[PDB]
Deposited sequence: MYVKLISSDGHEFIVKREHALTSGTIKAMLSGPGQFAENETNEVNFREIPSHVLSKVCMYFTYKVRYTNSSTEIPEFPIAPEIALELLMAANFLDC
């Protein structure tokens, strides 16, 4: 497990293998900090990690994304290279 820390103070603990989904994180890699990415975005990023790993080797379901978080989420994905 590794700890990903969001802009607004939240702490997310996810399995290291899953976080490596991010090029940026894989490269930086016990604890990581993201002064620019807020919790409501970073939680979705982690879910995408779970989703990516679980379905990365076999029918795949829709990954829901509310329009209201999409722009910030795109920036996060861009920075995180995932």
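Missing C-alpha coordinates mark the following deposited-sequence intervals, in order: 1, 31 to 41, 71 to 72.
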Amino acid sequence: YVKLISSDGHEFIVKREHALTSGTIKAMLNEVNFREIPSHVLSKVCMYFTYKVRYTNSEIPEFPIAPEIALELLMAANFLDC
From here on, numbers count along this sequence of modelled residues.
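The deposited model assigns a higher average Cα B-factor to 3 to 11 than to the other stretch when 73 to 81 and 3 to 11 are compared. Between 61 to 69 and 14 to 22, it is 14 to 22 that carries the larger average Cα temperature factor according to the deposited entry. The top Cα temperature factor in the record, among 46, 27, 53, 37, falls on 27.
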